[PDB]
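One chain comes next, on its own, written out as structure tokens in the form deposited without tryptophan.
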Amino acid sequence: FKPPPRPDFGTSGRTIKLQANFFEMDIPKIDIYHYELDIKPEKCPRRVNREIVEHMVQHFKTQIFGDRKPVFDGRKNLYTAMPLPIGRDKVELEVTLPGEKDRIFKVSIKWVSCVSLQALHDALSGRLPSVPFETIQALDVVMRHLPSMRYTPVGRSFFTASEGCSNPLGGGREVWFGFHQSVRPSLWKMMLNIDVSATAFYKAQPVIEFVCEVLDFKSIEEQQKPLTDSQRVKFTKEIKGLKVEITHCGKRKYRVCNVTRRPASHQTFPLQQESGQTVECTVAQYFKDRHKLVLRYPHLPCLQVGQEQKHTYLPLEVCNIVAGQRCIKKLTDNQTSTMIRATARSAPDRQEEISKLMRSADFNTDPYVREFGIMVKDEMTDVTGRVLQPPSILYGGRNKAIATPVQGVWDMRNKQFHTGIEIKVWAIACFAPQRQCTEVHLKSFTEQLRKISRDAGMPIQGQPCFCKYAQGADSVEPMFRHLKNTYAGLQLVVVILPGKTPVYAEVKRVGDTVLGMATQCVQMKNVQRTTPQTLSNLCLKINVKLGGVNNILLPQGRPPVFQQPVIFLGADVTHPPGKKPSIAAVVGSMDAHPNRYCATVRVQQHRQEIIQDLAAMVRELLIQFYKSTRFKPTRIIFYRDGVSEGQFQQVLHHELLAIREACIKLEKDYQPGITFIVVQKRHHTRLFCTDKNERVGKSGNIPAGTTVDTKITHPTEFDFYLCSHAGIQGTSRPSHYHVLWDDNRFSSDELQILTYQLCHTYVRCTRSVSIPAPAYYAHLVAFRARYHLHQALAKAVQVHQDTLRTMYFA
């Protein structure tokens, strides 16, 4: 029910000086005051609500508030550093906004609470059990009140349109540069977390031009013909749900709920005439008579806004995309690459950008922050980290080599798989054009693939038993039926694909869920031109797909948790961007290495973070563990990815109980110790080497193994940061781990070391990964269920029995 306290502080690893983007806050012990604001209408946007409260405090300067500068959260929560003359008596007041008839707003104020700040600092010293959230969020409201007025808020972030501060991405989208801000508690002090942030937005422009950027028109006049049944639906997918503003009447905002089939010249709506009889009138005709405006593009469709039942249709030429709309739809591959290139900063560069943000923010001169008597240190918090020692990786073959990770990396030169697979029969299914992928390309691809295979301990015996061409979606299952039907011991089928093709999704649906054949796809370009490293990495994926063991942790280097049988679980849920369902995935370890993992997946409610069917999922994973090892886990280690702090209790409640439920349903008195660990990549905590000498790579990031659990972590609970991976490009994201439950009384060191070692068991690469393999595999499983496409959906994701005990998701 309640997260355990920090047991101790880790001492493993060599110290290292670090700086964090957490800026110390000096907070007075005063007693701040809380008021509620019932604003009528109660639906108004936060943005208007802030204007209301703005003029409301200006208008009633002498009556109510005098000279005090209160802070407003945008909804109905006002704070003051001094008591107001309200005196707990509800006071109904009036507010008038300079409108277009002007607007009138009814506002009422009342004292509701007496937030104590001294009650926070003691909680920061472990004095109290928990930390009061209402006081933390009260400070947050103070620190972001001014940013929320002068910038565009987006979650905890702030953006604007200064000097462009954006790069184009195509398709009507651009990436804006802003900054994140949050108030967070730590031991003995409150911290202000500041970071740069960049998110994708829809360019503000006329919809006509949006229709050009979407689709692909160098100029609208090139399409003087009603949009095809294809251009129309693509455009519908992009603009649906976006805000638009009128540019002809008297601006005015609307939400697009659909795009009409007909053009404006023929799209009609019922118009009631003076006499009371209703008649059908075209949008073009109505814009002629009413607004005296001949549509320039009457052959184009209309934007239906408002309720889908009502018939509010707007021509494209009178609408603009409203500025400041965060793009929440999936970005095209080319769009994300542009965003990645545009937003990647080295560690030293990002550190400076944060320092610049602090200078321009100048919190120590913000009137509202000064009003509440708060101070924000200008220097980054100093932290001592620890570089945990990596584990040794044991290989096999004849040289059974022991690799030693260096800066989060190692290779397989002069090393072979731990238990490699001997492969005799295997087919090639080249779905790419023979012209680009000629028989010479296949022969040399094969030739060099077998050379790399035998060098790694996975010898590919002889030539492929089969090698033919094909194309089309419907050509897979018939050919796959044949392949299994006519080849004894068919182990692996290599598939060649051009670029982004729908053959991949169905090649997996058939090989994973229907016939159950291990498949390995590979792009055409990686056939015409082959590299040893690419061939080597390719071999990692296919050895495990056939039950191999690429390597294992050096057994004697493991933490004592491996004394008794133990199962490691990873859990993740991937959500769509209304009818699409969420996909829950839970994987479990099936040996003591731990290397092999069995997967469970479920389709559940749209955007439900809670794993609904977790108990059933855990149950079958425990059975498979018993069937694979003939042991019953004495401990269950549960790595749960992607849960914000605001959902710890909800997930802890349902999912911790579900795990317990699966144990006792198997066996009344089976009570293994559970450890529940939330793993989070989606945060803005950033660590930088204080000494240049400790920087790693061209990015200058902290080294793999860097661990922090002292000054920026929870004042009482069991949490820590572990940057287990090597920063390649940009600035490393240190993974955060929060222990919500622990029956096994883990020490700080053993859990940190265990977590670190688990990041070295990821079989797809000879590198330490940013999260433990179980959590990573869980993400891959759910991703694979997406390519697999309520009763029918569950079976589209249900996996074939033969491929129910292998690592098909690799």
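Residues that one form lacks are left out of the comparison. Residues carry their position along the shown sequence, with the first being 1. Definition used throughout: the rigid core is the maximal C-alpha set that superposes within 1.5 Å between two forms.
The same protein also exists as the form deposited with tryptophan bound; that form is not shown, yet it is the one meant from here on.
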{"query": "Contact label in the deposited complex: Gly408 to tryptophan, heavy atom within 4.5 Å", "finding": "no"}
{"query": "Proximity of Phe625 to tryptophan in the deposited complex, heavy atoms at 4.5 Å", "finding": "yes"}
{"query": "Distance check, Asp743 to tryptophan in the deposited complex, heavy atom within 4.5 Å", "finding": "yes"}
{"query": "Contact label in the deposited complex: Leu314 to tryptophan, heavy atom within 4.5 Å", "finding": "no"}
{"query": "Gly516, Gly557, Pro132, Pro672 - the one with a heavy atom within 4.5 Å of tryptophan in the deposited complex", "finding": "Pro672"}
{"query": "Single option in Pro633, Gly420, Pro301, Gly178 placed near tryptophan in the deposited complex, where near means a heavy atom within 4.5 Å", "finding": "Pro633"}
{"query": "Per-stretch contact check against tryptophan in the deposited complex, the hit in 384 to 392, 662 to 670, 506 to 514, 606 to 614 (non-hydrogen atom, 4.5 angstroms)", "finding": "662 to 670"}
{"query": "Residues within stretch 415 to 439 having a non-hydrogen atom within 4.5 Å of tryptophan in the deposited complex", "finding": "none"}
{"query": "Listed options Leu442, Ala505, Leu394, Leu331; Cα moving by 2 angstroms or more between the shown form and the other one (core superposition)", "finding": "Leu331"}
{"query": "C-alpha of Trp111 off by 2 Å or more between the shown form and the other one on rigid core", "finding": "no"}
{"query": "Threshold 2 Å Cα movement between the shown form and the other one for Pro206, core superposed", "finding": "yes"}
{"query": "Rigid core fit then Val233 CA moved by 2 Å or more between the shown form and the other one", "finding": "yes"}
{"query": "Shifted regions of at least three residues between the shown form and the other one, judged by C-alpha displacement of 2 Å or more after core alignment", "finding": "162 to 177, 198 to 220, 225 to 246, 253 to 271, 281 to 305, 312 to 342"}
